[PDB]
> 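Structure in C-alpha coordinates, see below.
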2 protein chains.
Amino acid sequence: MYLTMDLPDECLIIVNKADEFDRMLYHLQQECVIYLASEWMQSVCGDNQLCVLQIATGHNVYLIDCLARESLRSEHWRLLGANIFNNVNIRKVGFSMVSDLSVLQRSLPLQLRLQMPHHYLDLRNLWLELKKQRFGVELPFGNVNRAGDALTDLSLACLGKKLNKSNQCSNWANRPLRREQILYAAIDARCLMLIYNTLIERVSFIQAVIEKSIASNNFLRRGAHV
Amino acid sequence: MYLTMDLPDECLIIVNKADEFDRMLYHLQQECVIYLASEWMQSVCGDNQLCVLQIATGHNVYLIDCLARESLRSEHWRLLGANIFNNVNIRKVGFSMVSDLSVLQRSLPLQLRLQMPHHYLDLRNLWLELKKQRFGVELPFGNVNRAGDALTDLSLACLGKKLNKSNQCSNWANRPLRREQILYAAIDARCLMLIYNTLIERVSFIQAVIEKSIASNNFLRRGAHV
(Lines give C-alpha, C1' and ligand atoms only; values in the text may rest on other atoms or scores of the structure.)
Protein backbone atom coordinates (compact mmCIF):
# COMPACT_ATOMS: atom_id res chain seq x y z
CA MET A 1 0.00 0.00 0.00
CA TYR A 2 1.00 3.66 -0.08
CA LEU A 3 2.29 5.96 2.64
CA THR A 4 -0.47 8.04 4.22
CA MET A 5 -0.38 11.19 6.37
CA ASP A 6 -0.20 10.27 10.05
CA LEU A 7 -0.50 13.78 11.45
CA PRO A 8 -3.86 15.26 12.45
CA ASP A 9 -5.25 17.83 10.03
CA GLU A 10 -4.55 20.60 12.56
CA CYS A 11 -0.80 19.94 12.16
CA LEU A 12 -0.90 20.73 8.43
CA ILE A 13 -0.52 24.50 8.57
CA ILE A 14 -1.29 26.51 5.42
CA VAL A 15 0.66 29.78 5.34
CA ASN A 16 -0.64 32.46 3.00
CA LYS A 17 -0.82 35.55 5.24
CA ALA A 18 1.86 37.65 6.92
CA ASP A 19 0.75 36.92 10.49
CA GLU A 20 0.85 33.20 9.72
CA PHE A 21 4.34 33.60 8.24
CA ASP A 22 5.58 35.51 11.31
CA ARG A 23 4.24 32.78 13.61
CA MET A 24 5.94 30.14 11.45
CA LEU A 25 9.26 31.99 11.68
CA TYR A 26 8.90 32.05 15.46
CA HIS A 27 8.42 28.29 15.66
CA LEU A 28 10.97 27.31 13.00
CA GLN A 29 13.70 29.32 14.72
CA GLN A 30 13.40 27.04 17.78
CA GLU A 31 13.89 23.79 15.82
CA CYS A 32 17.27 22.24 15.15
CA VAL A 33 16.13 20.09 12.19
CA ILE A 34 13.56 20.77 9.47
CA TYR A 35 12.58 18.94 6.30
CA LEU A 36 12.23 20.67 2.92
CA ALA A 37 10.09 19.88 -0.11
CA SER A 38 8.44 21.96 -2.81
CA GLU A 39 5.90 21.74 -5.62
CA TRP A 40 6.27 23.65 -8.85
CA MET A 41 5.03 23.78 -12.43
CA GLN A 42 7.13 23.72 -15.59
CA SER A 43 6.85 23.74 -19.36
CA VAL A 44 9.31 23.59 -22.22
CA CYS A 45 9.20 27.32 -23.08
CA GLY A 46 7.75 28.94 -19.96
CA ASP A 47 9.43 30.04 -16.77
CA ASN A 48 9.24 27.68 -13.81
CA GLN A 49 6.37 28.49 -11.45
CA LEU A 50 7.10 27.80 -7.78
CA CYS A 51 3.77 27.04 -6.12
CA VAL A 52 4.24 25.44 -2.69
CA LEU A 53 7.15 25.31 -0.24
CA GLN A 54 6.79 22.64 2.44
CA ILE A 55 8.76 22.95 5.67
CA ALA A 56 8.17 20.09 8.08
CA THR A 57 9.30 19.85 11.67
CA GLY A 58 9.33 16.63 13.64
CA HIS A 59 5.68 17.25 14.60
CA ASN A 60 3.93 19.34 11.92
CA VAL A 61 4.15 20.56 8.32
CA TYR A 62 3.99 24.13 7.05
CA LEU A 63 2.61 24.49 3.51
CA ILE A 64 3.64 27.97 2.34
CA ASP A 65 1.72 29.46 -0.59
CA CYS A 66 4.49 30.83 -2.81
CA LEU A 67 1.94 32.52 -5.10
CA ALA A 68 0.63 34.65 -2.22
CA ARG A 69 3.09 37.40 -3.07
CA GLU A 70 0.92 40.40 -2.16
CA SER A 71 0.55 39.16 1.41
CA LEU A 72 3.97 37.44 1.71
CA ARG A 73 6.44 40.29 1.05
CA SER A 74 10.13 40.34 0.17
CA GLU A 75 11.17 40.86 3.78
CA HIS A 76 9.27 37.70 4.83
CA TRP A 77 11.22 35.60 2.32
CA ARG A 78 14.48 37.37 3.21
CA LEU A 79 13.99 36.53 6.90
CA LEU A 80 13.11 32.93 6.09
CA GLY A 81 16.40 32.81 4.21
CA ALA A 82 18.42 34.61 6.88
CA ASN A 83 16.93 33.18 10.07
CA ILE A 84 16.32 29.57 8.99
CA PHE A 85 18.01 28.53 5.74
CA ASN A 86 21.26 30.37 6.46
CA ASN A 87 21.25 29.35 10.15
CA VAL A 88 24.06 26.82 10.62
CA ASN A 89 22.44 25.55 13.84
CA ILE A 90 19.36 24.25 11.98
CA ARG A 91 19.85 21.18 9.80
CA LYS A 92 17.82 21.36 6.59
CA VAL A 93 16.99 17.83 5.41
CA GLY A 94 15.87 17.37 1.83
CA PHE A 95 16.12 15.08 -1.19
CA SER A 96 17.78 16.10 -4.47
CA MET A 97 18.41 19.49 -3.04
CA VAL A 98 20.17 21.33 -5.88
CA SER A 99 16.94 21.23 -7.88
CA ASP A 100 14.81 22.36 -4.93
CA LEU A 101 17.15 25.14 -3.88
CA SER A 102 17.61 26.35 -7.45
CA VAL A 103 13.88 26.86 -7.97
CA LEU A 104 13.53 28.51 -4.55
CA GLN A 105 16.49 30.86 -5.05
CA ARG A 106 15.34 31.95 -8.50
CA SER A 107 11.71 32.48 -7.46
CA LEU A 108 12.02 34.05 -3.98
CA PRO A 109 14.39 36.66 -2.43
CA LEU A 110 15.74 34.21 0.14
CA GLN A 111 19.39 35.26 -0.47
CA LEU A 112 20.67 31.81 0.38
CA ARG A 113 24.25 31.66 1.63
CA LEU A 114 25.61 28.61 -0.16
CA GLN A 115 29.27 28.64 0.88
CA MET A 116 30.10 25.80 3.28
CA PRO A 117 26.60 24.22 3.18
CA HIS A 118 27.30 21.67 5.93
CA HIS A 119 23.95 22.52 7.58
CA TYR A 120 22.07 20.87 4.68
CA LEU A 121 21.58 17.10 4.50
CA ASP A 122 20.50 15.63 1.18
CA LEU A 123 18.99 12.20 1.78
CA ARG A 124 19.71 11.23 -1.82
CA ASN A 125 23.42 11.81 -1.29
CA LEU A 126 23.25 10.05 2.08
CA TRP A 127 21.61 7.06 0.40
CA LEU A 128 24.41 6.84 -2.15
CA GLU A 129 26.96 7.04 0.67
CA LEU A 130 25.25 4.10 2.43
CA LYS A 131 25.44 2.15 -0.83
CA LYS A 132 29.24 2.48 -0.74
CA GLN A 133 29.26 -0.13 2.05
CA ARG A 134 30.68 -3.46 0.88
CA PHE A 135 27.89 -5.65 2.30
CA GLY A 136 25.07 -3.12 2.01
CA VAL A 137 22.97 -1.88 4.92
CA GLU A 138 20.02 -3.85 6.26
CA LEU A 139 16.98 -1.64 6.87
CA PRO A 140 13.56 -2.60 8.29
CA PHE A 141 12.16 -3.50 4.84
CA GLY A 142 15.22 -4.39 2.78
CA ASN A 143 18.88 -3.86 2.01
CA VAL A 144 20.02 -0.53 0.57
CA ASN A 145 21.96 -2.45 -2.11
CA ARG A 146 18.67 -3.87 -3.44
CA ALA A 147 16.85 -0.53 -3.43
CA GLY A 148 16.67 2.11 -6.12
CA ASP A 149 17.56 5.76 -5.65
CA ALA A 150 14.16 7.46 -5.91
CA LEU A 151 12.50 8.93 -2.84
CA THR A 152 9.82 6.23 -3.04
CA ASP A 153 12.61 3.62 -2.82
CA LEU A 154 13.87 5.16 0.43
CA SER A 155 10.30 5.17 1.73
CA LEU A 156 9.81 1.49 0.87
CA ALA A 157 13.07 0.31 2.41
CA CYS A 158 12.73 2.40 5.59
CA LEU A 159 8.97 2.56 6.14
CA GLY A 160 7.57 -0.34 4.11
CA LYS A 161 5.26 1.73 1.91
CA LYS A 162 5.67 3.34 -1.48
CA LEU A 163 4.75 6.95 -2.11
CA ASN A 164 1.35 7.39 -3.79
CA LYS A 165 2.02 9.28 -7.03
CA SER A 166 -1.65 10.05 -7.61
CA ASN A 167 -2.07 13.87 -7.44
CA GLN A 168 1.65 14.29 -8.19
CA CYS A 169 0.68 15.73 -11.61
CA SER A 170 -2.01 18.16 -10.46
CA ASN A 171 -2.21 21.92 -10.98
CA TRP A 172 -0.21 23.25 -8.04
CA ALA A 173 -1.36 26.79 -8.84
CA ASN A 174 -5.07 26.20 -8.13
CA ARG A 175 -6.41 28.03 -5.08
CA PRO A 176 -7.66 26.61 -2.84
CA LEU A 177 -5.68 23.38 -3.10
CA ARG A 178 -7.76 20.23 -3.10
CA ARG A 179 -7.54 18.06 0.02
CA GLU A 180 -5.65 15.43 -2.00
CA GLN A 181 -3.09 18.06 -3.00
CA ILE A 182 -2.54 19.23 0.56
CA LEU A 183 -1.99 15.63 1.65
CA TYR A 184 0.41 14.88 -1.22
CA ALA A 185 2.51 17.98 -0.53
CA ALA A 186 2.53 17.31 3.21
CA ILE A 187 3.63 13.68 2.69
CA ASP A 188 6.45 14.85 0.40
CA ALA A 189 7.93 16.65 3.41
CA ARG A 190 6.81 14.36 6.26
CA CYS A 191 8.28 11.28 4.60
CA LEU A 192 11.75 12.88 4.77
CA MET A 193 11.34 13.09 8.54
CA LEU A 194 10.22 9.47 8.79
CA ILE A 195 13.09 8.26 6.59
CA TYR A 196 15.73 10.34 8.39
CA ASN A 197 14.54 9.17 11.78
CA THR A 198 14.54 5.56 10.59
CA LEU A 199 18.20 5.85 9.57
CA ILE A 200 19.12 7.63 12.82
CA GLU A 201 17.58 4.84 14.89
CA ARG A 202 18.45 1.77 12.81
CA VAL A 203 21.94 2.31 11.30
CA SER A 204 24.57 2.10 14.04
CA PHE A 205 27.32 3.98 12.17
CA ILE A 206 24.96 6.55 10.66
CA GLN A 207 26.72 9.58 12.17
CA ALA A 208 29.96 8.92 10.28
CA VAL A 209 27.96 8.58 7.07
CA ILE A 210 26.06 11.80 7.74
CA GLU A 211 29.34 13.68 8.24
CA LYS A 212 30.72 12.38 4.94
CA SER A 213 27.48 13.30 3.15
CA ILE A 214 27.17 16.84 4.49
CA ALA A 215 30.88 17.36 3.70
CA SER A 216 30.23 16.53 0.04
CA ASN A 217 27.55 19.22 -0.41
CA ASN A 218 28.38 21.76 -3.09
CA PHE A 219 25.69 24.14 -4.31
CA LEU A 220 27.92 26.77 -5.90
CA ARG A 221 30.01 24.63 -8.26
CA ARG A 222 28.38 23.16 -11.34
CA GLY A 223 27.56 19.49 -11.05
CA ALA A 224 26.03 17.03 -13.46
CA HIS A 225 22.25 17.11 -13.51
CA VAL A 226 20.75 13.81 -12.32
CA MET B 1 25.68 -6.33 -13.45
CA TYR B 2 25.36 -3.06 -15.36
CA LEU B 3 24.36 -2.35 -18.93
CA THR B 4 27.36 -1.93 -21.23
CA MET B 5 27.72 -0.42 -24.71
CA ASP B 6 27.19 -3.09 -27.36
CA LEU B 7 28.04 -0.96 -30.38
CA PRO B 8 31.55 -0.84 -31.84
CA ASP B 9 33.50 2.33 -31.06
CA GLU B 10 33.17 3.43 -34.70
CA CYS B 11 29.39 3.75 -34.21
CA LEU B 12 29.81 6.34 -31.44
CA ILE B 13 30.11 9.48 -33.56
CA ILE B 14 31.38 12.67 -31.89
CA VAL B 15 30.05 15.78 -33.64
CA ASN B 16 31.91 19.02 -32.99
CA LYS B 17 32.52 20.38 -36.51
CA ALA B 18 30.18 21.72 -39.17
CA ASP B 19 30.96 19.04 -41.76
CA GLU B 20 30.24 16.36 -39.16
CA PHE B 21 26.96 18.09 -38.30
CA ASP B 22 25.93 18.30 -41.97
CA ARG B 23 26.64 14.58 -42.42
CA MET B 24 24.61 13.82 -39.29
CA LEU B 25 21.66 15.83 -40.62
CA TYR B 26 21.83 13.83 -43.85
CA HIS B 27 21.63 10.51 -42.02
CA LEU B 28 19.09 11.53 -39.38
CA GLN B 29 16.67 12.80 -42.03
CA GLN B 30 16.40 9.24 -43.42
CA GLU B 31 15.45 7.64 -40.08
CA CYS B 32 11.88 7.30 -38.86
CA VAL B 33 12.78 6.86 -35.17
CA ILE B 34 15.56 8.40 -33.09
CA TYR B 35 16.36 8.37 -29.37
CA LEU B 36 17.18 11.51 -27.39
CA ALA B 37 19.30 12.07 -24.29
CA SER B 38 21.43 14.92 -23.01
CA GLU B 39 24.02 15.76 -20.38
CA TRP B 40 24.17 19.12 -18.65
CA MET B 41 25.59 20.88 -15.61
CA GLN B 42 23.67 22.86 -13.00
CA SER B 43 24.14 24.80 -9.79
CA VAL B 44 21.84 26.62 -7.41
CA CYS B 45 22.66 30.15 -8.63
CA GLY B 46 24.21 29.61 -12.06
CA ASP B 47 22.59 29.15 -15.43
CA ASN B 48 22.21 25.60 -16.69
CA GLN B 49 25.05 24.53 -18.98
CA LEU B 50 24.02 22.16 -21.78
CA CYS B 51 27.08 20.06 -22.62
CA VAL B 52 26.16 17.02 -24.72
CA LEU B 53 23.16 16.13 -26.88
CA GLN B 54 22.90 12.44 -27.74
CA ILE B 55 20.85 11.35 -30.75
CA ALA B 56 20.80 7.61 -31.27
CA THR B 57 19.47 5.73 -34.25
CA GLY B 58 18.77 2.02 -34.24
CA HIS B 59 22.42 1.38 -35.19
CA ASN B 60 24.65 4.22 -33.92
CA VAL B 61 24.82 7.16 -31.51
CA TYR B 62 25.68 10.77 -32.29
CA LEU B 63 27.29 12.68 -29.41
CA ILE B 64 26.94 16.38 -30.30
CA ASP B 65 29.25 18.81 -28.49
CA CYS B 66 26.88 21.61 -27.46
CA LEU B 67 29.80 23.77 -26.27
CA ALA B 68 31.32 23.80 -29.77
CA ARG B 69 29.43 26.98 -30.61
CA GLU B 70 32.05 28.61 -32.85
CA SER B 71 32.01 25.63 -35.22
CA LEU B 72 28.33 24.65 -34.74
CA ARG B 73 26.45 27.81 -35.80
CA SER B 74 22.87 28.96 -35.26
CA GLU B 75 21.76 27.69 -38.66
CA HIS B 76 23.02 24.17 -37.80
CA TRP B 77 20.85 24.08 -34.67
CA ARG B 78 17.92 25.67 -36.52
CA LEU B 79 18.06 22.95 -39.19
CA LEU B 80 18.33 20.22 -36.56
CA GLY B 81 15.17 21.69 -35.07
CA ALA B 82 13.37 22.15 -38.38
CA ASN B 83 14.41 19.01 -40.27
CA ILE B 84 14.43 16.47 -37.43
CA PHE B 85 12.75 17.61 -34.20
CA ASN B 86 9.84 19.34 -35.95
CA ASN B 87 9.49 16.55 -38.54
CA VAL B 88 6.26 14.70 -37.77
CA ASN B 89 7.46 11.66 -39.75
CA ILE B 90 10.35 11.01 -37.33
CA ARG B 91 9.43 9.68 -33.90
CA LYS B 92 11.62 11.16 -31.15
CA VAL B 93 11.87 8.69 -28.26
CA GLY B 94 13.07 9.99 -24.92
CA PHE B 95 12.57 9.70 -21.17
CA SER B 96 11.29 12.57 -19.00
CA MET B 97 11.20 14.76 -22.02
CA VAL B 98 9.94 18.09 -20.66
CA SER B 99 13.20 18.48 -18.74
CA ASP B 100 15.35 17.49 -21.73
CA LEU B 101 13.48 19.68 -24.21
CA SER B 102 13.42 22.64 -21.83
CA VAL B 103 17.21 22.67 -21.47
CA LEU B 104 17.67 22.19 -25.22
CA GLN B 105 15.20 24.94 -26.18
CA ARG B 106 16.70 27.46 -23.76
CA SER B 107 20.31 26.70 -24.74
CA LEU B 108 20.10 26.25 -28.53
CA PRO B 109 18.16 28.02 -31.34
CA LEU B 110 16.27 24.87 -32.30
CA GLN B 111 12.91 26.72 -32.52
CA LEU B 112 10.98 23.62 -31.51
CA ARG B 113 7.38 23.48 -32.67
CA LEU B 114 5.59 22.11 -29.62
CA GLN B 115 1.95 22.24 -30.70
CA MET B 116 0.51 18.77 -31.30
CA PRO B 117 3.67 16.88 -30.21
CA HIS B 118 2.40 13.44 -31.24
CA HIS B 119 5.76 12.69 -32.91
CA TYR B 120 7.46 12.50 -29.49
CA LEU B 121 7.28 9.38 -27.34
CA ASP B 122 8.24 9.70 -23.69
CA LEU B 123 9.09 6.26 -22.32
CA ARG B 124 8.40 7.46 -18.79
CA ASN B 125 4.82 8.33 -19.74
CA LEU B 126 4.51 5.07 -21.67
CA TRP B 127 5.68 3.16 -18.59
CA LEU B 128 3.01 4.82 -16.45
CA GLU B 129 0.40 3.96 -19.08
CA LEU B 130 1.47 0.28 -18.94
CA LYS B 131 1.10 0.40 -15.16
CA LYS B 132 -2.58 1.30 -15.60
CA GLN B 133 -3.20 -2.33 -16.61
CA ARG B 134 -5.13 -4.24 -13.94
CA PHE B 135 -2.84 -7.30 -13.86
CA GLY B 136 0.39 -5.54 -14.79
CA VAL B 137 2.52 -6.40 -17.81
CA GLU B 138 5.01 -9.27 -17.77
CA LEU B 139 8.36 -8.29 -19.29
CA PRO B 140 11.47 -10.44 -19.81
CA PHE B 141 12.87 -9.63 -16.34
CA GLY B 142 9.80 -8.75 -14.28
CA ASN B 143 6.34 -7.25 -14.09
CA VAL B 144 5.89 -3.52 -14.67
CA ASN B 145 3.78 -3.37 -11.49
CA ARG B 146 6.83 -4.45 -9.44
CA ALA B 147 9.21 -1.99 -11.11
CA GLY B 148 9.98 1.59 -10.20
CA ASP B 149 9.74 4.54 -12.56
CA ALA B 150 13.39 5.49 -13.06
CA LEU B 151 15.13 4.81 -16.36
CA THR B 152 17.29 2.19 -14.63
CA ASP B 153 14.07 0.40 -13.59
CA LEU B 154 12.94 0.20 -17.22
CA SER B 155 16.39 -1.11 -18.16
CA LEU B 156 16.27 -3.81 -15.46
CA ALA B 157 12.77 -5.03 -16.32
CA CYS B 158 13.31 -5.01 -20.11
CA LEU B 159 17.01 -5.83 -20.47
CA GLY B 160 17.98 -7.43 -17.15
CA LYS B 161 20.72 -4.96 -16.25
CA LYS B 162 20.78 -1.77 -14.23
CA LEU B 163 22.36 1.41 -15.54
CA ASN B 164 25.86 2.04 -14.17
CA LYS B 165 25.70 5.44 -12.44
CA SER B 166 29.48 5.74 -12.17
CA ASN B 167 30.56 8.75 -14.30
CA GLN B 168 27.01 10.15 -14.07
CA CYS B 169 28.39 12.98 -11.87
CA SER B 170 31.41 13.92 -13.98
CA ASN B 171 32.30 17.28 -15.50
CA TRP B 172 30.42 17.20 -18.80
CA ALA B 173 32.22 20.38 -19.92
CA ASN B 174 35.72 18.84 -20.03
CA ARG B 175 37.21 18.54 -23.51
CA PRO B 176 38.07 15.96 -24.60
CA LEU B 177 35.57 13.76 -22.79
CA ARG B 178 37.06 10.76 -21.03
CA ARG B 179 36.29 7.36 -22.55
CA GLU B 180 34.08 6.56 -19.56
CA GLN B 181 32.07 9.74 -20.21
CA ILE B 182 31.57 8.94 -23.89
CA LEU B 183 30.32 5.46 -22.95
CA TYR B 184 27.98 6.77 -20.24
CA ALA B 185 26.43 9.36 -22.56
CA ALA B 186 26.11 6.84 -25.39
CA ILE B 187 24.40 4.29 -23.10
CA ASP B 188 21.95 6.96 -21.90
CA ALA B 189 20.67 7.15 -25.49
CA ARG B 190 21.22 3.55 -26.65
CA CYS B 191 19.31 2.12 -23.69
CA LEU B 192 16.18 3.97 -24.85
CA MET B 193 16.43 2.10 -28.15
CA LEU B 194 16.87 -1.25 -26.41
CA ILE B 195 13.95 -0.59 -24.04
CA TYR B 196 11.64 0.67 -26.81
CA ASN B 197 12.42 -2.30 -29.01
CA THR B 198 11.85 -4.68 -26.11
CA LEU B 199 8.35 -3.25 -25.57
CA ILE B 200 7.59 -3.31 -29.32
CA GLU B 201 8.51 -7.00 -29.53
CA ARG B 202 7.22 -8.31 -26.20
CA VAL B 203 3.96 -6.45 -25.37
CA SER B 204 1.20 -7.60 -27.73
CA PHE B 205 -1.08 -4.56 -27.27
CA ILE B 206 1.77 -2.05 -27.21
CA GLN B 207 0.51 0.00 -30.17
CA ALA B 208 -2.71 1.01 -28.38
CA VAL B 209 -0.64 2.06 -25.37
CA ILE B 210 1.77 4.05 -27.54
CA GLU B 211 -1.14 5.94 -29.12
CA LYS B 212 -2.56 6.83 -25.70
CA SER B 213 0.87 7.96 -24.49
CA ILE B 214 1.74 10.15 -27.48
CA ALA B 215 -1.77 11.66 -27.27
CA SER B 216 -1.10 12.78 -23.69
CA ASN B 217 2.03 14.77 -24.58
CA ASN B 218 1.80 18.44 -23.68
CA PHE B 219 4.93 20.58 -23.75
CA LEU B 220 3.29 24.01 -23.89
CA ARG B 221 0.98 23.83 -20.87
CA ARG B 222 2.48 23.94 -17.40
CA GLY B 223 2.61 20.57 -15.68
CA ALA B 224 3.81 19.52 -12.26
CA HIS B 225 7.54 18.95 -12.07
CA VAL B 226 8.37 15.31 -11.28
Side-chain angles (χ1 to χ4, degrees), chain A residues 3-41 47-95 97 99-113 119-121 167-168 170-194 196-197, chain B residues 44 222 224-225:
Chain A
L3 187 62
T4 59
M5 177 50 56
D6 61 297
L7 292 170
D9 289 342
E10 291 74 21
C11 290
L12 311 182
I13 301 170
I14 298 181
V15 175
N16 57 30
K17 301 179 121 262
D19 72 320
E20 299 165 349
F21 201 108
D22 294 335
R23 286 198 297 271
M24 175 188 73
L25 289 172
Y26 172 81
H27 292 294
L28 293 183
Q29 286 152 189
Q30 298 192 323
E31 296 297 313
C32 63
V33 60
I34 58 178
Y35 308 88
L36 301 180
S38 69
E39 315 296 344
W40 49 283
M41 303 295 281
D47 281 331
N48 300 335
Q49 185 195 35
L50 177 63
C51 290
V52 186
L53 170 62
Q54 299 101 270
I55 303 178
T57 67
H59 50 262
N60 56 22
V61 185
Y62 288 97
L63 298 200
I64 309 168
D65 184 353
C66 294
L67 299 179
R69 300 294 291 270
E70 183 92 351
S71 51
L72 302 184
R73 323 290 252 179
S74 295
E75 189 64 8
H76 293 114
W77 303 110
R78 196 187 65 79
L79 287 180
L80 182 60
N83 297 6
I84 304 303
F85 280 79
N86 293 345
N87 185 338
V88 302
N89 298 312
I90 305 181
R91 169 171 291 166
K92 275 71 60 174
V93 179
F95 183 93
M97 292 188 89
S99 177
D100 279 319
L101 294 180
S102 178
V103 177
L104 295 180
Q105 183 94 278
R106 292 178 220 263
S107 311
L108 303 169
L110 298 162
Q111 298 187 266
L112 301 179
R113 180 182 51 80
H119 49 112
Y120 290 89
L121 176 63
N167 299 295
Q168 178 177 37
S170 56
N171 181 4
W172 288 106
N174 284 332
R175 296 295 180 267
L177 294 170
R178 311 188 312 265
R179 166 73 165 172
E180 315 88 83
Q181 291 179 293
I182 292 166
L183 294 171
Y184 179 93
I187 291 170
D188 261 357
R190 176 92 177 154
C191 78
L192 309 167
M193 176 279 182
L194 297 168
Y196 179 67
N197 278 279
Chain B
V44 171
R222 272 167 172 166
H225 175 258

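Below, chain A is the first sequence line, B the second, and so on; all start at residue 1. Computed over heavy atoms, backbone and side chain alike; hydrogens, waters and symmetry mates excluded.
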> Any side-chain heavy atom of B:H225 within less than 4.5 Å of one from A:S99?
yes
> Do A:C51 and A:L67 come within less than 4.5 Å of each other through their side chains, counting heavy atoms only?
yes
> Contact between A:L79 and A:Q29 at the side-chain level, heavy atoms closer than 4.5 Å - yes or no?
no
> Measure the shortest side-chain to side-chain distance between A:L110 and A:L80 over non-hydrogen atoms and say whether it is less than 4.5 angstrom.
yes
> What donor-acceptor contacts under 3.5 angstrom involve side-chain atoms of residues 185-194 of chain A, with partners at least two apart or in another chain?
from	atom 1	to	atom 2	distance (Å)
A:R190	NE	A:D6	OD1	3.0
A:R190	NH1	A:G58	O	2.9
A:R190	NH2	A:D6	OD2	2.9

> Heavy atoms, side chains only, cut-off 4.5 Å: are A:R73 and A:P109 in contact?
no
> Drop me the distance from A:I14's CD1 to A:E20's CD, to the nearest 0.5 angstrom.
8.5 Å
> Establish, from distance only, whether the side-chain atoms of A:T57 and A:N60 form a donor-acceptor pair under 3.5 Å.
yes
> Describe, in one word, how the ring planes of A:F21 and A:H76 are oriented to each other, choosing from parallel (under 30°), tilted (30 to 60°) and perpendicular (over 60°).
tilted
> Sequence neighbours excluded, which residues qualify as side chain to side chain donor-acceptor pair (under 3.5 Å) partners of A:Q54?
A:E39
> Do A:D100 and A:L36 have side chains that get closer than 4.5 Å, going by heavy atoms?
no
> Side chains of A:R178 and A:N167 only: does a donor on one sit below 3.5 Å from an acceptor on the other?
yes
> Kindly indicate whether the side chain of A:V52, heavy atoms from C-beta on, has any atom under 4.5 Å from the side chain of A:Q181.
no
> Taking the side chain as every heavy atom from C-beta outward, state whether A:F85 and A:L101 have any pair of such atoms under 4.5 Å apart.
yes
> Rounded to the nearest 0.5 Å, what's the gap from CD on A:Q111 to OG on A:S74? Could you check?
9.5 Å
